[PDB]
Amino acid sequence: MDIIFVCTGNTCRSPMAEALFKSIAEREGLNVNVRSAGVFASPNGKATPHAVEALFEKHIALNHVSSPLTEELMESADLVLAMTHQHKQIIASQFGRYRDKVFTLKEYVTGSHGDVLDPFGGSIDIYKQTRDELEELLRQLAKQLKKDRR
């Protein structure tokens, strides 16, 4: 199992979800890899001064530098977890409808298309609201994985 969290510019939430899921997987004794990318990210984007601070408040000390989602990473991974249906369709448009590997961030857990709070460019409080929702989701995501590590 290798998971790619994906949002347009990566930094918006994907590395928060990565850091949380690593921490939660370590709590649960799950065995995975998780990474993050963006359909229009670049190899020199990084964790925002509020995402990183929100996970420092979580006492995880996030540190991440972005990269684009490209087909070799897609082929290497076993799950893709996209923040929106629009992102899912961009991924499909990049990779010739490799869409089967992709699920939306709520969808993989709720069973229905949707997203968490998008904090991109908000104050620390918005990333704080996000990481609470994101943790609650990712605990259910760990519950979903423990079925088959998928």
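Read-outs throughout are calculated quantities, based only on the coordinates presented, and are distinct from any laboratory measurement. Cβ placement follows ideal geometry from the backbone for every residue including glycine, while neighbour counts extend to all protein chains displayed.
Filter segment 107-118 down to residues that are more than 14 Å from the chain's Cα centre (by Cα) and in a loop (DSSP other than H, G, I, E, B), then give me how many there are.
Result for segment 107-118: 3.
Could you count how many residues in segment 12-33 are in a loop (DSSP other than H, G, I, E, B), surrounded by fewer than 24 Cβ atoms within 10 Å (Cβ to Cβ) and under 13 Å from the mean Cα position of the chain (by Cα)? Let's see the steps before the verdict.
Of segment 12-33, the ones in a loop (DSSP other than H, G, I, E, B) are 12-13, 29-32.
Going one step further and asking which of them are surrounded by fewer than 24 Cβ atoms within 10 Å (Cβ to Cβ), we end up with 12, 29-32.
Those still in the list that are under 13 Å from the mean Cα position of the chain (by Cα) too: 12.
Qualifying residue count, segment 12-33: 1.
Answer with yes or no whether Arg131 is basic (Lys, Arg), within 15 Å of the chain's Cα centre (by Cα) and at negative phi. I'd like the intermediate steps shown before the answer.
On the way: basic (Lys, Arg): yes; within 15 Å of the chain's Cα centre (by Cα): yes; at negative phi: yes.
Considered against the rule, which asks whether it is basic (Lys, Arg), within 15 Å of the chain's Cα centre (by Cα) and at negative phi, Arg131 comes out as yes.
Within segment 1-50, take every residue that is touching an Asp or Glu at 6+ places or on another chain (Cβ under 8 Å) and polar (S, T, N, Q) and give me the one that is farthest from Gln94 (Cα to Cα).
Step by step, filter segment 1-50, then rank; the result is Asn33.
Any chance segment 67-90 includes a residue that's of a type in the set (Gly, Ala, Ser), in contact with a strand residue (DSSP E or B) (Cβ under 8 Å, 6 or more places away or on another chain), surrounded by fewer than 21 Cβ atoms within 10 Å (Cβ to Cβ) and over 28 Å from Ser23 (Cβ atoms)?
No.
Within segment 119-138, identify whether any single residue is touching a residue at least 40 places away in the same chain (Cβ under 8 Å), of a type in the set (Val, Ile, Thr), surrounded by fewer than 20 Cβ atoms within 10 Å (Cβ to Cβ) and part of a loop (DSSP other than H, G, I, E, B), and answer yes or no.
No: segment 119-138 contains no residue that is touching a residue at least 40 places away in the same chain (Cβ under 8 Å), of a type in the set (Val, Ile, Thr), surrounded by fewer than 20 Cβ atoms within 10 Å (Cβ to Cβ) and part of a loop (DSSP other than H, G, I, E, B).
Looking only at segment 91-106, how many residues end up being part of a loop (DSSP other than H, G, I, E, B), more than 16 Å from the chain's Cα centre (by Cα) and either among the small types (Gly, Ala, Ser) or surrounded by 14 or more Cβ atoms within 10 Å (Cβ to Cβ) (or both)?
Qualifying residue count for the region: 2.
So, of the residues in segment 47-61 that are of a type outside the set (A, V, I, L, M, F, W, C), touching a residue at least 24 places away in the same chain (Cβ under 8 Å) and not in a helix (DSSP H, G or I), which turns out to be surrounded by the most Cβ atoms within 10 Å (Cβ to Cβ)?
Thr48
If you check every pair at least six apart or on different chains, which have Cβ atoms under 6 Å apart with a residue in segment 34-46 that is buried (at least 18 other Cβ atoms within 10 Å of the Cβ) first and a residue that is among the aliphatic types (A, V, I, L, M) second?
Close Cβ pairs (under 6 Å, with a partner that is among the aliphatic types (A, V, I, L, M)) amount to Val34/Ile3; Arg35/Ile4; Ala37/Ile4; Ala37/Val6; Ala37/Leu69; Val39/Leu69; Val39/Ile90.
Might you check whether a residue that is within 27 Å of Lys143 (Cβ to Cβ), in contact with a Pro (Cβ under 7 Å, 6 or more places away or on another chain) and not in a helix (DSSP H, G or I) occurs anywhere in segment 74-83? Full working, then the answer.
Taking segment 74-83 first, the residues within 27 Å of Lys143 (Cβ to Cβ) are 74, 76-83.
Filter again for in contact with a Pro (Cβ under 7 Å, 6 or more places away or on another chain), leaving none.
Looking through segment 74-83, none of the residues is within 27 Å of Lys143 (Cβ to Cβ), in contact with a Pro (Cβ under 7 Å, 6 or more places away or on another chain) and not in a helix (DSSP H, G or I).
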